[PDB]
Amino acid sequence: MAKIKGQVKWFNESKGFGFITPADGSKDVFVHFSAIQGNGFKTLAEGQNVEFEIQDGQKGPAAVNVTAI
Amino acid sequence: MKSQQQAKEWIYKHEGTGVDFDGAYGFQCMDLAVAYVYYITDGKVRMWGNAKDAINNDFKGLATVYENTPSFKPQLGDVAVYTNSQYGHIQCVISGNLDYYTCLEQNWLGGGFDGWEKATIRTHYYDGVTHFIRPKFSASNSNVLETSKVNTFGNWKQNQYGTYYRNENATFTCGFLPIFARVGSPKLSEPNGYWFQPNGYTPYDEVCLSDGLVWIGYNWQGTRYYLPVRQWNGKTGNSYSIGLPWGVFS
Ligand SMILES: [Ca+2]
């Protein structure tokens, strides 16, 4: 029941979304600002370690419970 | 365009429900306002952007933006926007006075993603709203959207796997959020594909009903792709209905 590790490929802090590249080397996963666990964050930086769950929705695979490092 | 009464019934019919046309996962604040404005404009206005961006959309003469001035009374059906936070917030006004107003809203508490927060009626003592978008309501009830050719089943072909499909020659431009295109078949169980980026577009030649979605079929770099484009209610015949679009068609 692990959580995937991955990298913030890029994040657009104006629009509130970006992409994470999982370590398992699968699809780029969509990350939305609402999926970052509160605590005064609401923005991620290019190329930083993150661990997260992956949810498969109608629009594609999305990052859940995104945590820094 | 729909009536103030229909907006009232829509607002209350959705009290306690999760409003998720998709876009962003879960029940976000902008999902509720987008669905609401789509409904009362009989499909003419699909707002793009975050909650704060809502005042930047093209309302096609169907609504006025007002600034929140200390004299301004929100009214039933108004859309309340908070512009001065990072991504903003947005609410469907139910009733207003100069001291406070009440509204239906999603993700006020931050539970929209996890799903424990649904569309809820709360009270606000002017705690950050900067604008109010007032619909130009019509005097009579309207069912234009419900009977529109887009919500009319019509004639569809069907393959042995239960996919309804039609030929259609048009262009689709992706809206504010990206969408993952599926290789070879309109199936959310197909894991291959690529992220169709916002504001990108493609010509397409086929439309499908599959997996609770409307899809476009198109060709790109030698590969056949299927892109989900809006929700389908799963029903055929006179019960058929599809949701607000995830991009713009032409
Ligand atoms: Ca949503």
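- What the entry reports as its method is X-ray crystallography, with 2.10 Å given for the resolution.

### With respect to the overall build of chain A
Point 1. The secondary structure content of chain A amounts to zero helices and five strands.
Point 2. Going from N to C terminus, chain A has its helices and strands arranged as β-β-β-β-β.
Point 3. For chain A, the C-alpha radius of gyration of 11 Å lies close to 11 Å, the compact-globule estimate for 69 residues.
Point 4. Dimensions of chain A along its principal axes, counting C-alpha atoms only, are 25 × 25 × 20 Å.
Point 5. Sequence-distant contacts in chain A: of pairs separated by 6 or more residues, those separated by 24 or more amount to 43%.

### With respect to the pattern of salt bridges
Residue and element names in this part refer to chain B.
Point 1. The final tally for this structure, using the stated rule, is 10 salt bridges over all chains.
Point 2. Across the pair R122 and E117 runs a salt bridge whose closest N-O atoms are separated by 3.5 Å.
Point 3. Of the charged contacts, one joins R166 and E168 as a salt bridge, the two residues approaching to 3.3 Å between their closest N and O atoms.
Point 4. For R166, a relative accessible area of 24% gives the class partly exposed.

### Notes on the coordination of the calcium ion
Residues and elements named next belong to chain B.
Point 1. Protein coordination of the calcium ion is provided by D20 (OD), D22 (O), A24 (O), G26 (O) and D31 (OD), with donor distances spanning 2.2 to 2.9 Å.
Point 2. Look at where the donors of the calcium ion fall in the sequence and you get D-x1-D-x1-A-x1-G-x4-D. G26 carries the same exposure label as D22, and that label is buried.

Conventions we followed
- Residues numbered from 1 in each chain as written, not as in the entry; some residues may be left out.
- Chains lettered and ligands numbered in written order.
- Heavy atoms only, no water.
- Residues with missing side-chain atoms left out of burial classes, pairs and counts.
- Helix = DSSP H or I, 4+ residues; strand = E, 2+ residues; numbered from the N terminus.
- Rg over C-alpha atoms; globule rule 2.2 N^0.38 Å.
- Contact = heavy atoms within 4.5 Å.
- Salt bridge = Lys/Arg side-chain N within 4 Å of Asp/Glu carboxyl O.
- Buried < 20%, exposed > 50% of the residue type's maximum accessible area, 1.4 Å probe, protein only.
- Donors = N, O, S within 2.8 Å, 3.2 Å for Na, K, Ca; no water.

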